[PDB]
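**Q** My questions will all concern the structure given below.
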Amino acid sequence: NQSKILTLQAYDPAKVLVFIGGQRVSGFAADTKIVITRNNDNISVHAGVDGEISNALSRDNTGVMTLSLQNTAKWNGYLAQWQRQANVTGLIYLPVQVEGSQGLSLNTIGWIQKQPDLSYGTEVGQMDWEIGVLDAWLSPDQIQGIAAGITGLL
Amino acid sequence: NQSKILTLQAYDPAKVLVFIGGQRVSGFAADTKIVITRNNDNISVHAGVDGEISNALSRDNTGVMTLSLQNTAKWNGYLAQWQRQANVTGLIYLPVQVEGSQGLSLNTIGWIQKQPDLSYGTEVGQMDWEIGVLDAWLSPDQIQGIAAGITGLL
Amino acid sequence: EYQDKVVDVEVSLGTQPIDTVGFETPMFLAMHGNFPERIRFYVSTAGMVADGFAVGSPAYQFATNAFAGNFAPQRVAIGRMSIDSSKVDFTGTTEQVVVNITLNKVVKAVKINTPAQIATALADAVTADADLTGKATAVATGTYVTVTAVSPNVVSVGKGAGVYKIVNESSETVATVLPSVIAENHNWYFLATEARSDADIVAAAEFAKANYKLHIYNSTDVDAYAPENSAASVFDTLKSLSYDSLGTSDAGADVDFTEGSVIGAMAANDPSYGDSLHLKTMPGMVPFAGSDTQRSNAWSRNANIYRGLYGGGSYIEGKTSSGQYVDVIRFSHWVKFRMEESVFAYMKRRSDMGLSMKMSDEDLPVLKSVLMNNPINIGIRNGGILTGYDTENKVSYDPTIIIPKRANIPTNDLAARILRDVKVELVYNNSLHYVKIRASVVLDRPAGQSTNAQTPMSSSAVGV
Amino acid sequence: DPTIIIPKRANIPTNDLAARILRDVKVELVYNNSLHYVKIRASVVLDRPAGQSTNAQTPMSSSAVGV
Amino acid sequence: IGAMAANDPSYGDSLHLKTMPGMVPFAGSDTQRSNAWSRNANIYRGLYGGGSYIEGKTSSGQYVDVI
Amino acid sequence: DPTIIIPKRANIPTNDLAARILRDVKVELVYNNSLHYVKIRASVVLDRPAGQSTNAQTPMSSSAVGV
Amino acid sequence: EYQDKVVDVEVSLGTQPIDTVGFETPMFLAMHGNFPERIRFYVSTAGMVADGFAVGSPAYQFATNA
């Protein structure tokens, strides 16, 4: 057996596009751009004494989308001003979209949950904004779909 | 098979021109004039247990350009004064250009990263200034271009 | 050029688009006069009917069957032969008979309500239509009605409702026509014929082997599953000649031309996977109704049969006339075509910049990489080509490539400027066709097993 | 990529060295484009959509038959 | 001429597969091509979607490259 | 290897010394060749390939029997 | 002399070639009348049968064993 290349193209971080309200975000941090995590488990399990197993689905799809930006980036001002604008007017929701380069994507509604701490030091600082998401289901954008009707059994 | 001359002209070190801010640098060291090195690898490789291979491009193009000058050269004063001028006013960037004699070239923005140590001894001393570069991609200045559309495969 | 709206939307109700797939276009050699060209390409039955083809006509049936497969292509090639007349045979039994006939862009559906009486009534009804009489002709005889078009008019006749045959007669022979058809376009892979005489089928089979095409035919014959000693069917005829052609028995092969279903289950299947046809489902075909002995006879004659199992329909055994599996033939053709295409594409690109290839040891070896790209590697990735070490024979399956050196090339080839003796080797994989299981059941308490804990020895030591 | 070319002294005619004016400097550029018009194609379904083809093969690029 | 003018003979770069705009593919069958080759009449042929000259032969039978 | 030959003065006829023209200079060359046609021989295996011969000797060049 | 294709491939199913080895040719003095010459050289049993040798005949057995 010979080793196989898992993809034809190369994963390019610059190809990952983040659209918050219809504008592209720029000025990201060094290591990680964005992290998406679900708040709660998908399926719960109830185990009886005799061994009977029953499960119930979870309808809580809220999640948190970390966003790292350099403190010198101009987008810090946009989010800071929008925070107070929403606080005064009362409108906090805005569309959020993420395009993957060689992975999953995301397209839902979101809001600003917490403002990151600010620290000034010898080197350029970093700010990790937290953006909520109404639904944290990562959707594919590939040829997937012809095999989902094959894995099905039982 | 007969030996072939790799070039028609002769590599002349004096023909290598360095333009920092629009002025030609003079008074170089003995052995090496300039050295250009990339900070990080171009492409990373992730190898799975089963043998699957995936790669991701690197967008960090920062580099370091060593510059050797005799301690008696007048350009030591220019750089020393510019260091304090930038420190006070806050402007550190300035254009950098390198012309190769029979090799690659370079044309990007740069800045002074570290001042070399000074030592006084029996013989004339040497100073190795370090100049940063925004992008460290060495570009060609030759008939290259008609074959890049030939090596392509897969 | 001028757009009156910055944004415009066309709301299509119900319909949906389909993606563009790569495939091999089939060719159906039909006899008619709807267009002058020898061969045309259609993308939907709508275009064929717009060209004067009558609904239910042979070409229409073939196209609608081909476009309904899971691997159906997106183009169909229709050949053209001369046409002398057509027949509507009512042999058999039938309550309402409807025959769709189109004459010179005029579409009509004659109607009628013992076969001879039905044929006579239909013939009389045809003459009742003044338009048909002026431009077309009809005559009754026995159980069939013969219709002929007046010379400057084109008539197309197709099935409506009821039980009957539609047979078209033509003076042109397939052997004479195919050499002209191939001249206009060689861009097709599958070969099919409307005429179902033994001579036409044999001629098509002989032509296909010479011109590297795949031949398909449905026989609708009853001797196809006669006892093994009865070597009198076309299937047995082809065996004696060692020809290759995917033939199968059926019941509607001369009312629907079910070659379309097979092509649609074969067109968009990449040979690189070695994906046999064993159990592929095909719409349109009808299950084989014979008993076990008939199936055994059909298998002995290499006549494939469509069988229904557990509620569905399934092809079986995908065998050809010569006995070799169709999968192997397709794989061999795929390798033969694509190795050549890859090498030619590299050579042309290398000679289009100047610096054309030269016969020397310093440039020849690049053919190894050129060939290891494209087929030899795609086959391994998709599983078609086998690799690894064999434990039984103690041999390796690794693909091999050999290139001769300049010193071994005869002087004559340096004048002819052609290289020879390049060698390649491969090992083909295999699908799974049949499985046999051995079960066991226990009723009482099973007997206690042996309590030996030693590691089982390999073989007896006693040997001299 | 933008390109810039400068002639060498050996290629300058003697007359320009008297006129003291340089010529033949060349530059190239590629201009971007805005978006003016857009056209969309929508579709609506009413009944149960028909089952799609269940082919799982990687779609091949082009037909192999070519001579 | 445009596929031959700026080609340096020092490389020995034959015309075998050079593509030429403007020409139209030869439409005859195999026997016609064999006859044309026997008469040293070169033919432009289309293969695998492109167009290509063939065999670059001259009237006397010697390859044009050698001349 | 390319070769060049030049005659000596003693071999020049007296007439050429009056005509002042030299003759008989000789040069030789060997021309390279492009590649025009290629033929390949492939093979396919279906069952288990038969075990190969297990001879480990260095293959001899030619039969010794000769008189 | 004339080649209609720039590249051609003969797909042989199953069969494989074998390299050329140096060896000493054996001689089997058989009695028959299939050819006039006193001695002939064969490279495979197929050629011997093509010369009228019956399957299972002494020469055929010797060749297939060798």
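Convention: chains lettered A, B, ... in structure tokens order; per-chain residue numbering from 1; ligands numbered from 1 as shown.
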List every residue of chain D that DSSP, applied to the backbone, labels as strand (DSSP E or B), and write the result as a VMD selection string.

**A** chain D and resid 3 to 5 26 to 28 38 to 44

**Q** Might you pull out every residue within 7 Å of residue E:43, with only C-alpha atoms counted and same-chain residues fewer than 5 positions away left off, and present them as a short mmCIF file (atom, residue, chain, number, x, y, z; two decimals) with N, CA and C atoms, in the first residue's frame?

**A**
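Everything below was put into around-v9.cif:
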data_model
loop_
_atom_site.label_atom_id
_atom_site.label_comp_id
_atom_site.auth_asym_id
_atom_site.auth_seq_id
_atom_site.Cartn_x
_atom_site.Cartn_y
_atom_site.Cartn_z
N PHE E 26 -7.41 17.84 -41.40
CA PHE E 26 -7.66 16.98 -42.56
C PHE E 26 -8.79 16.01 -42.23
N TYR E 53 0.62 19.33 -37.00
CA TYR E 53 1.24 18.96 -38.27
C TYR E 53 1.69 17.51 -38.15
N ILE E 54 2.26 16.94 -39.21
CA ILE E 54 2.71 15.55 -39.14
C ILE E 54 3.86 15.32 -40.11
#

**Q** Taking only C-alpha atoms into account, report as a PyMOL selection string which residues of chain E lie within 8 Å of chain F.

**A** chain E and resi 12-14+16+55

**Q** Can I get the selection written as a tab-separated table (two decimals), in the first residue's frame, with C-alpha atoms?

**A**
chain	number	residue	atom	x	y	z
E	12	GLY	CA	17.33	20.49	-34.75
E	13	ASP	CA	13.74	21.19	-33.72
E	14	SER	CA	11.57	19.24	-36.18
E	16	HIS	CA	6.45	16.99	-36.18
E	55	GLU	CA	6.03	14.15	-40.31

**Q** Let me make sure I understand: among C:418, C:222, C:76, C:177, which one has the smallest atom-to-atom distance to chain F if we use only C-alpha atoms?

**A**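 Result for the nearest residue to chain F: C:418.
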
**Q** Using only C-alpha atoms and a cut-off of 6 Å, which residues of chain C sit close to chain F? Please list them as a tab-separated table (two decimals) with N, CA and C atoms, in the first residue's frame.

**A**
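Result file out.tsv:
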chain	number	residue	atom	x	y	z
C	357	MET	N	11.87	16.18	-28.20
C	357	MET	CA	12.57	15.05	-27.62
C	357	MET	C	13.56	14.46	-28.61
C	358	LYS	N	14.67	13.95	-28.09
C	358	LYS	CA	15.71	13.34	-28.90
C	358	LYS	C	16.04	11.96	-28.35
C	393	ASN	N	2.91	-17.08	-3.88
C	393	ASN	CA	3.93	-17.27	-4.90
C	393	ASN	C	5.24	-16.58	-4.56
C	417	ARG	N	13.03	7.00	-37.08
C	417	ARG	CA	12.79	7.92	-35.98
C	417	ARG	C	11.64	7.46	-35.09
C	418	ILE	N	11.47	6.15	-34.94
C	418	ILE	CA	10.41	5.58	-34.10
C	418	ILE	C	11.04	4.62	-33.11
C	419	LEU	N	10.64	4.74	-31.84
C	419	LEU	CA	11.15	3.87	-30.79
C	419	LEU	C	10.18	2.71	-30.55
C	420	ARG	N	10.73	1.56	-30.16
C	420	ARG	CA	9.95	0.36	-29.92
C	420	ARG	C	10.44	-0.34	-28.65
C	422	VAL	N	9.09	-0.64	-25.63
C	422	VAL	CA	8.76	-0.17	-24.29
C	422	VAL	C	7.77	-1.14	-23.66
C	423	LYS	N	8.06	-1.55	-22.42
C	423	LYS	CA	7.31	-2.60	-21.75
C	423	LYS	C	6.73	-2.08	-20.44
C	424	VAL	N	5.49	-2.47	-20.16
C	424	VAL	CA	4.82	-2.14	-18.91
C	424	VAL	C	4.09	-3.38	-18.41
C	425	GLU	N	3.94	-3.48	-17.09
C	425	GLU	CA	3.24	-4.60	-16.48
C	425	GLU	C	2.27	-4.08	-15.43
C	426	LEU	N	1.20	-4.84	-15.21
C	426	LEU	CA	0.16	-4.44	-14.28
C	426	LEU	C	-0.52	-5.69	-13.74
C	427	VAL	N	-1.20	-5.53	-12.60
C	427	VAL	CA	-2.00	-6.59	-12.00
C	427	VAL	C	-3.38	-6.03	-11.71
C	428	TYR	N	-4.40	-6.64	-12.29
C	428	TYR	CA	-5.77	-6.16	-12.13
C	428	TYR	C	-6.40	-6.72	-10.87

**Q** Given only C-alpha atoms as the basis, pick out the residue of C:457, C:386, C:353, C:407 nearest to residue E:3.

**A**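 Closest residue, counting only C-alpha atoms: C:353.
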
**Q** From a backbone DSSP assignment, name each residue in chain F labelled helix (DSSP H, G or I), as a list in words.

**A** residues 9, 10, 11, 14, 15, 16, 17, 18 and 19 of chain F

**Q** Please produce, as a tab-separated table, a per-residue contact table for chain D versus chain A (criterion: any atom at most 8 Å away, only C-alpha atoms considered), showing the nearest atom pair and its distance in Å to one decimal, sorted by chain then residue number.

**A**
residue	atom	partner	partner_atom	distance
D:54	CA	A:146	CA	5.9
D:55	CA	A:146	CA	6.7
D:56	CA	A:146	CA	5.8

**Q** For chain G against chain E, which residues fall within 12 Å using only C-alpha atoms, given as a list in words?

**A**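 Using only C-alpha atoms, chain G residues at most 12 Å from chain E: residues 1, 2, 3, 4, 5, 6 and 7 of chain G.
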
**Q** Would you export the selected residues with C-alpha atoms as a short mmCIF file (atom, residue, chain, number, x, y, z; two decimals), in the first residue's frame, please?

**A**
data_model
loop_
_atom_site.label_atom_id
_atom_site.label_comp_id
_atom_site.auth_asym_id
_atom_site.auth_seq_id
_atom_site.Cartn_x
_atom_site.Cartn_y
_atom_site.Cartn_z
CA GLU G 1 6.55 1.45 -42.79
CA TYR G 2 3.57 3.74 -42.30
CA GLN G 3 2.28 4.27 -38.76
CA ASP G 4 -1.21 5.72 -38.41
CA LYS G 5 -0.83 6.60 -34.71
CA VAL G 6 1.88 8.61 -32.97
CA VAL G 7 1.57 6.27 -29.97
#

**Q** If you count only C-alpha atoms, which residues fall within 12 Å of residue G:60, apart from same-chain ones fewer than 4 positions away, as JSON, numbers by chain?

**A** {"G": [28, 30, 42, 44, 45, 46, 47, 48, 49, 50, 51, 52, 53, 54, 55, 56, 64, 65, 66]}

**Q** Residues as selected, C-alpha atoms, written as a PDB file, in the first residue's frame, can you do that?

**A**
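That gives us out_31.pdb:
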ATOM      1  CA  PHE G  28      17.088 -34.917 -28.801  1.00  0.00           C
ATOM      2  CA  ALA G  30      13.963 -38.465 -32.383  1.00  0.00           C
ATOM      3  CA  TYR G  42      12.483 -24.743 -31.742  1.00  0.00           C
ATOM      4  CA  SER G  44       8.383 -23.410 -27.811  1.00  0.00           C
ATOM      5  CA  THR G  45       6.119 -26.435 -27.999  1.00  0.00           C
ATOM      6  CA  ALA G  46       3.671 -24.332 -30.021  1.00  0.00           C
ATOM      7  CA  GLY G  47       6.094 -24.286 -32.942  1.00  0.00           C
ATOM      8  CA  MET G  48       6.653 -28.033 -32.672  1.00  0.00           C
ATOM      9  CA  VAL G  49       2.924 -28.793 -32.777  1.00  0.00           C
ATOM     10  CA  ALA G  50       2.571 -26.354 -35.678  1.00  0.00           C
ATOM     11  CA  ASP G  51       5.052 -28.591 -37.538  1.00  0.00           C
ATOM     12  CA  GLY G  52       2.759 -31.618 -37.293  1.00  0.00           C
ATOM     13  CA  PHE G  53       4.042 -33.074 -34.029  1.00  0.00           C
ATOM     14  CA  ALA G  54       1.297 -34.909 -32.162  1.00  0.00           C
ATOM     15  CA  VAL G  55       0.579 -33.890 -28.581  1.00  0.00           C
ATOM     16  CA  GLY G  56       2.089 -36.409 -26.199  1.00  0.00           C
ATOM     17  CA  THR G  64       7.674 -29.600 -22.468  1.00  0.00           C
ATOM     18  CA  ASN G  65       9.765 -31.201 -19.722  1.00  0.00           C
ATOM     19  CA  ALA G  66      12.886 -29.251 -20.712  1.00  0.00           C
TER      20      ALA G  66
END

**Q** Please, can I see chain F fitted onto chain D by all in-order Cα atoms (least squares), as a PDB file with C-alpha atoms, in the first residue's frame?

**A**
ATOM      1  CA  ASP F   1       2.581  41.423 -11.622  1.00  0.00           C
ATOM      2  CA  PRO F   2       3.516  45.047 -12.436  1.00  0.00           C
ATOM      3  CA  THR F   3       6.716  45.338 -14.463  1.00  0.00           C
ATOM      4  CA  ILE F   4       9.289  48.103 -14.919  1.00  0.00           C
ATOM      5  CA  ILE F   5      12.132  48.210 -17.453  1.00  0.00           C
ATOM      6  CA  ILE F   6      15.013  50.681 -17.716  1.00  0.00           C
ATOM      7  CA  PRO F   7      17.438  50.872 -20.670  1.00  0.00           C
ATOM      8  CA  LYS F   8      21.188  50.698 -20.208  1.00  0.00           C
ATOM      9  CA  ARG F   9      23.733  53.355 -21.123  1.00  0.00           C
ATOM     10  CA  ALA F  10      25.147  51.360 -24.038  1.00  0.00           C
ATOM     11  CA  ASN F  11      21.709  51.428 -25.709  1.00  0.00           C
ATOM     12  CA  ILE F  12      21.223  55.217 -25.465  1.00  0.00           C
ATOM     13  CA  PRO F  13      21.940  56.995 -28.781  1.00  0.00           C
ATOM     14  CA  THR F  14      24.674  59.620 -28.704  1.00  0.00           C
ATOM     15  CA  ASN F  15      22.159  62.356 -29.531  1.00  0.00           C
ATOM     16  CA  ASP F  16      20.280  61.922 -26.245  1.00  0.00           C
ATOM     17  CA  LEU F  17      23.533  62.287 -24.290  1.00  0.00           C
ATOM     18  CA  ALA F  18      23.746  65.771 -25.820  1.00  0.00           C
ATOM     19  CA  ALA F  19      20.050  66.493 -25.278  1.00  0.00           C
ATOM     20  CA  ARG F  20      20.491  64.960 -21.802  1.00  0.00           C
ATOM     21  CA  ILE F  21      17.025  63.348 -21.937  1.00  0.00           C
ATOM     22  CA  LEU F  22      16.277  59.668 -21.369  1.00  0.00           C
ATOM     23  CA  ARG F  23      13.586  57.741 -23.250  1.00  0.00           C
ATOM     24  CA  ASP F  24      12.026  54.291 -23.607  1.00  0.00           C
ATOM     25  CA  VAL F  25      11.134  53.683 -19.954  1.00  0.00           C
ATOM     26  CA  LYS F  26       8.312  51.134 -19.946  1.00  0.00           C
ATOM     27  CA  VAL F  27       5.705  50.218 -17.332  1.00  0.00           C
ATOM     28  CA  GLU F  28       2.779  47.794 -17.391  1.00  0.00           C
ATOM     29  CA  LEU F  29      -0.354  47.470 -15.278  1.00  0.00           C
ATOM     30  CA  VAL F  30      -3.628  45.549 -15.067  1.00  0.00           C
ATOM     31  CA  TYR F  31      -6.762  47.414 -14.028  1.00  0.00           C
ATOM     32  CA  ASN F  32      -9.413  45.877 -11.789  1.00  0.00           C
ATOM     33  CA  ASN F  33     -13.159  46.027 -12.515  1.00  0.00           C
ATOM     34  CA  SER F  34     -16.308  46.851 -10.586  1.00  0.00           C
ATOM     35  CA  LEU F  35     -19.545  44.868 -10.814  1.00  0.00           C
ATOM     36  CA  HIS F  36     -22.409  46.464 -12.740  1.00  0.00           C
ATOM     37  CA  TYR F  37     -25.074  43.853 -13.544  1.00  0.00           C
ATOM     38  CA  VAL F  38     -26.116  40.508 -12.078  1.00  0.00           C
ATOM     39  CA  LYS F  39     -28.484  37.824 -13.351  1.00  0.00           C
ATOM     40  CA  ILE F  40     -29.940  35.037 -11.217  1.00  0.00           C
ATOM     41  CA  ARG F  41     -31.677  31.743 -11.984  1.00  0.00           C
ATOM     42  CA  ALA F  42     -34.088  30.505  -9.330  1.00  0.00           C
ATOM     43  CA  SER F  43     -36.164  27.335  -9.131  1.00  0.00           C
ATOM     44  CA  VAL F  44     -39.181  26.169  -7.141  1.00  0.00           C
ATOM     45  CA  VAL F  45     -40.363  22.664  -6.267  1.00  0.00           C
ATOM     46  CA  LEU F  46     -43.935  21.689  -5.415  1.00  0.00           C
ATOM     47  CA  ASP F  47     -44.226  17.894  -5.238  1.00  0.00           C
ATOM     48  CA  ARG F  48     -41.683  15.494  -3.781  1.00  0.00           C
ATOM     49  CA  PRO F  49     -38.399  16.016  -5.676  1.00  0.00           C
ATOM     50  CA  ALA F  50     -37.313  12.967  -7.634  1.00  0.00           C
ATOM     51  CA  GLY F  51     -34.597  10.800  -6.140  1.00  0.00           C
ATOM     52  CA  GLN F  52     -31.138  11.828  -7.286  1.00  0.00           C
ATOM     53  CA  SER F  53     -28.598   9.535  -8.921  1.00  0.00           C
ATOM     54  CA  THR F  54     -26.681   7.498  -6.346  1.00  0.00           C
ATOM     55  CA  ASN F  55     -23.332   7.482  -8.151  1.00  0.00           C
ATOM     56  CA  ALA F  56     -20.450   7.822  -5.678  1.00  0.00           C
ATOM     57  CA  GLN F  57     -17.570   7.902  -8.171  1.00  0.00           C
ATOM     58  CA  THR F  58     -15.323  10.927  -8.426  1.00  0.00           C
ATOM     59  CA  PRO F  59     -16.547  12.746 -11.570  1.00  0.00           C
ATOM     60  CA  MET F  60     -14.169  12.155 -14.463  1.00  0.00           C
ATOM     61  CA  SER F  61     -12.837  15.173 -16.325  1.00  0.00           C
ATOM     62  CA  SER F  62     -13.294  14.320 -20.012  1.00  0.00           C
ATOM     63  CA  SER F  63     -13.911  11.399 -22.337  1.00  0.00           C
ATOM     64  CA  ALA F  64     -10.927   9.149 -22.994  1.00  0.00           C
ATOM     65  CA  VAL F  65     -11.895   8.438 -26.619  1.00  0.00           C
ATOM     66  CA  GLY F  66      -9.664  10.686 -28.709  1.00  0.00           C
ATOM     67  CA  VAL F  67      -7.417  10.108 -31.692  1.00  0.00           C
TER      68      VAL F  67
END

**Q** Select, as an MDAnalysis selection string, those residues of chain C with any atom no more than 10 Å from chain B (distances computed using only C-alpha atoms).

**A** chainID C and resid 346 349:350 353 370 373:374

**Q** Applying 9 Å and only C-alpha atoms, which residues near residue C:333 remain after dropping the ones on its own chain fewer than 6 positions away? List them as a PyMOL selection string.

**A** (chain C and resi 212-213) or (chain G and resi 11)

**Q** Put those residues in a file: N, CA, C and O atoms, as an mmCIF file, in the first residue's frame.

**A**
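Written file, selection_8.cif:
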data_model
loop_
_atom_site.group_PDB
_atom_site.id
_atom_site.type_symbol
_atom_site.label_atom_id
_atom_site.label_comp_id
_atom_site.auth_asym_id
_atom_site.auth_seq_id
_atom_site.Cartn_x
_atom_site.Cartn_y
_atom_site.Cartn_z
ATOM 1 N N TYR C 212 -11.925 -0.796 -32.370
ATOM 2 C CA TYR C 212 -11.830 -0.553 -30.931
ATOM 3 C C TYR C 212 -13.077 0.165 -30.407
ATOM 4 O O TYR C 212 -13.035 1.302 -29.941
ATOM 5 N N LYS C 213 -14.196 -0.544 -30.506
ATOM 6 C CA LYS C 213 -15.468 -0.099 -29.964
ATOM 7 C C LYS C 213 -16.101 -1.250 -29.197
ATOM 8 O O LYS C 213 -15.728 -2.414 -29.360
ATOM 9 N N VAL G 11 -2.369 -4.334 -25.796
ATOM 10 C CA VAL G 11 -2.735 -4.780 -24.451
ATOM 11 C C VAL G 11 -2.851 -6.300 -24.511
ATOM 12 O O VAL G 11 -3.826 -6.854 -25.017
#

**Q** What's the 12 Å shell around residue C:124, counting only C-alpha atoms, without same-chain residues fewer than 5 positions away, as a ChimeraX atom specification?

**A** /C:110-112,117-119,129-130,132-133,137-141,145-147
